[PDB]
Structures are given as C-alpha cells and as structure tokens.
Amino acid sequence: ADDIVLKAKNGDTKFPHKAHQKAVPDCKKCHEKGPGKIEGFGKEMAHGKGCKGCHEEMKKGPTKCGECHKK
C-alpha cells in the first residue's frame, strides 16, 4: 500500500509507514484498536497521542509545526 497525506489546511502532513513499522515494533499502538479510530481522528488526536504526543513520549519523531506540516 501507499503512504497517506492528511490534508491539514496549514500544510499537508505525510505519514510514512515504513519508518513507523521500524521504530514502533509494538504494532498494537496503532493496529487492532477497537472501532471508532477512523472516525475519531482529528486535530486534537494528531496534536496529542495520535501523532505528536507519541513523538514526545518515545523521544523521537517531529514535534515542531513545520516538521509535520509542509505545503
């Protein structure tokens, strides 16, 4: 499958899967979640444990605006 880009108004946010599969061998951090996770995602999740919060917790990955958001 292909990587996905989230169409944030302030700048596209790419999600590169290969880097994540490699750096987060605990797949259940994102996979086999209960229902609702597709509908549930948004800015609040993304800036929390959905994206940015994990980067902060794991001490690796982009945490600055212009590192995730790219026109």
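One-based numbering along the sequence shown.
- Annotation for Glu44: CA B-factor lies in the middle third of the chain's modelled residues.
- Looking at the C-alpha B-factors along this chain, the one for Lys33 belongs to the highest third.
- In this PDB entry, the Cα temperature factor of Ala19 sits in the bottom third of its chain's modelled residues, the lowest group.
- Sort the modelled residues of the chain by CA B factor and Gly11 lands in the middle third.
- Compared with the other modelled residues of the chain, the Cα B-factor recorded for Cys65 ranks in the lowest third.
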